[PDB]
Amino acid sequence: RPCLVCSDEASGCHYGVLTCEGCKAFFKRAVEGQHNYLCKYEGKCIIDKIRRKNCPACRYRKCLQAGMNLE
Amino acid sequence: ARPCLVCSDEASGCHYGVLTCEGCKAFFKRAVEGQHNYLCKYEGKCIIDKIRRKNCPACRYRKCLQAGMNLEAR
DNA sequence: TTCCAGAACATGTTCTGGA
DNA sequence: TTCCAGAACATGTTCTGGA
Ligand SMILES: [Zn+2]
Ligand SMILES: [Zn+2]
Ligand SMILES: [Zn+2]
Ligand SMILES: [Zn+2]
């Protein structure tokens, strides 16, 4: 039911983890190309359905921590 | 200024002649320029607001034109 | 039947040049 | 000082091949 990365509604098991579509799409883009990833506030950003956009670097670390994997 | 003329989200300015949010501004540009084939899946009278503007891009674009938006404007 | 990765499709946010 | 168009950047959602 809940996305392990942002607590939004999970659509299913993506890349090894239960996530929503946004996190599924964000993760793949994160590992492939990227998007500026180095936090300012510094690794303590609250990643939820409403503030996930606020910090791209914290979102990804949480994707990794959650154990999402392409391979 | 105040609310978006199209969806009522907070407007960021006058874009293409009308007071719109940034989402509606980018949406209008794509509606006029891209290859689309819009037709309301319902009765062509959907309520377009912040949480629902994604539900029917056909009526959203109709609202944009209605409200006077036009690529030939500031 | 039921599932998901990725492509295809759709949407939203920041930046700032040249007024 | 302030404004916006569009480029560049960033994000989210549908669809379905091939299991
Ligand atoms: Zn998520
Ligand atoms: Zn952060
Ligand atoms: Zn709007
Ligand atoms: Zn409609």
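Each chain gets a letter, A, B and so on, in the order its sequence line appears, and its residues count up from 1.
- The side chain of A:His35 lies closest to D:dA10, out of C:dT13, D:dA10, C:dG12.
- A side-chain donor-acceptor contact under 3.5 Å links A:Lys62 to the backbone of A:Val5.
- For C:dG6, its base never sits under 3.5 Å from the side chain of A:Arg29 at any donor and acceptor pair.
- In this structure, A:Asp48 atom CG and D:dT11 atom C1' are separated by 16 Å, rounded to whole Å.
- Nearest to the side-chain atoms of B:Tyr38 among the listed nucleotides C:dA5, D:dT11, C:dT11 stands C:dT11.
- In this structure, the NZ atom of A:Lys24 is 11 Å from the P atom of C:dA7, given to the nearest Å.
- Taking 4.0 angstrom as the limit, A:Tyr15 places a side-chain polar atom (N or O) nearer than this to OP1 or OP2 of C:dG6.
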Symbol by symbol from the 5' end, with Watson-Crick or G-U pairs under 3.5 Å, [ ] crossing and | another strand, DNA chain D is .||||||||||||||||||
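- Using a 4.0 Å heavy-atom distance criterion, B:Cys14 is classed as a sugar-phosphate-only contact.
- Side-chain N/O atoms of B:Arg60 include one lying less than 4.0 angstrom from OP1 or OP2 on C:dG12.
- With A:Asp8 as reference, A:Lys49 is the one residue of A:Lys49, A:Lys24, A:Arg1 to meet the salt bridge (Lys or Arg N to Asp or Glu O under 4.0 Å) rule.
- Here the side chain of B:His36 pairs a donor or acceptor atom with the backbone of B:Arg30 at under 3.5 angstrom.
- The CG-P distance, from A:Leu18 to C:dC3, rounds to 12 Å in whole Å.
- Across all strands, A:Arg52 comes closer than 4.0 Å only to sugar-phosphate atoms, never to a base (heavy-atom distances).
- Atom P of nucleotide D:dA10 and atom CZ of A:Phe26 are separated by 10 Å, given to the nearest angstrom.
- Contacts of B:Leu71 with the nucleic acid, taken as non-hydrogen atoms under 4.0 Å apart, are absent.
- B:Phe27 and B:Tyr16 have their aromatic ring centers separated by at least 6.0 angstrom.
- In this structure, the CD atom of B:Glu22 is 14 Å from the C1' atom of D:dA10, given to the nearest Å.
- Regarding B:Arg52, its CZ atom lies at a distance of 17 Å from the P atom of D:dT13, rounded to whole Å.
- Rounded to a whole Å, the NZ atom of A:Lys40 is 11 Å from the P atom of C:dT14.
- Among C:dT13, D:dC4, D:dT11, the nucleotide with an atom closest to any side-chain atom of B:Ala26 is C:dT13.
- Rounded to whole Å, atom P of C:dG12 lies 16 Å from atom CZ of B:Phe28.
- A sub-4.0 Å separation between OP1 or OP2 of C:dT14 and a side-chain N or O of A:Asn36 is absent.
- Distances were taken from every side-chain heavy atom of B:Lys29 (C-beta onward) to each of D:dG6, C:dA5, C:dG6; the shortest belongs to D:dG6.
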